[PDB]
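To begin, one chain is listed below as structure tokens, in the form deposited in one PDB entry.
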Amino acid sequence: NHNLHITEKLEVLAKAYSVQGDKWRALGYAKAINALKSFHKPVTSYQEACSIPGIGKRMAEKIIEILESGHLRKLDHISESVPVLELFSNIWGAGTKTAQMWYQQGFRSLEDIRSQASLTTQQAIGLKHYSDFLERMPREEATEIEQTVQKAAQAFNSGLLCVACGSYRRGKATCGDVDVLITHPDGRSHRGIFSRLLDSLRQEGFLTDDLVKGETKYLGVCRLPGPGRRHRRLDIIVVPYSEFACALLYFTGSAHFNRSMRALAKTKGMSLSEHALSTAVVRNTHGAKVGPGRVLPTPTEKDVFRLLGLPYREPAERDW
């Protein structure tokens, strides 16, 4: 915000490290970029840079070069491959390893990929919907998608609870996809739904492509009827009722919020996953060596916060 002239430079590096496979450096840049954006003032010195959590020696140095000097030496030394690697890894189902392999084999455009690359089933779908999957939808369309899933699920069993999570539940104006979470208060009737539910959503022509079909998670592609509609990513997760609060929290995110909550859980000798909050977990030197611990009862998202000794945060307040 006050330092976008710094963060604009740093995000180019962050992206370059990401698509090249250096996930840890990329994580460090992403965190520092979020810290600099959230800051209350323009950073104007080295020791002020060091003041911020997430900015250490090397990041402060780069912020210092940006100031006064106006640019960053390293940006001029980013491999010419990065834009192509970004292009390739924006195919759903292709990550850094696949993108680098394609690059090594001589492929430089999606036309090369289309005409010469061997593609997995998922990657052919990702390529078929390449532009669509880079578009975010208006949240009103996320609502229509959630209600389509809900109506199809509640026709099989009216007791099923269905909730769109992710960025939708965090109140965002646009959504990259729809994350639909399904449970049943009876603790049992959630099981074996996908056979009927997915077949039902196919009958409409609503489901257009399947990317992942598991016993508890479906990842695929839908499209609402009528003209002017794009293909949209749809994820559906079925969970036992006892896990509903932790799944609500995890799949609402954001990813950084979840990461921050896992770190806090660790400081308290606990662990937090999409399935449960666990206590008296045993670490040896930050590594969970032994001590899986015990699952704590968490009927509500509020209980997770309370058991972590934290004040409750509405989903809109988790958009980190």
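Just count from 1 along the sequence shown to find any residue number. Each form is matched to the other, and the largest set of C-alpha atoms that superpose within 1.5 Å is called the rigid core.
- In at least one third of the other compared structures of this protein with flanking residues present, residue 287 is left unmodelled.
- On average the C-alpha atoms of 70 to 78 have higher B-factors than those of the other stretch, with 90 to 98 and 70 to 78 being the two compared.
- When the two stretches 193 to 201 and 166 to 174 are set side by side, the higher mean Cα temperature factor goes to 193 to 201.
- Remark: of 142, 160, 222, 180, 160 shows the highest value [criterion: C-alpha B-factor in the PDB entry].
- The PDB entry assigns the greatest CA B-factor among 255, 50, 265, 276 to 50.
- Among all modelled residues in this chain, the alpha-carbon of residue 83 has a temperature factor (C-alpha) in the lowest third.
- Remark: residue 130 belongs to the lowest third of its chain, ranked by C-alpha B-factor as recorded.
- Among all modelled residues in its chain, residue 272 ranks in the lowest third by Cα B-factor.
- When the modelled residues of the chain are ordered by C-alpha B-factor, residue 137 sits in the lowest third.
- Ranked against the other modelled residues of its chain, the C-alpha B-factor of residue 154 as given in the entry falls in the highest third.
As for the form deposited in another entry, it is not shown, yet the points below apply to it.
- Of the residues checked (37, 275, 256, 283), the rigid-core alignment between this form and the one not shown shows a Cα shift of at least 2 Å for 283 alone.
- Relative to this form, in the other entry the C-alpha atoms of residue 286 and residue 303 separate from one another by 3 angstroms or more.
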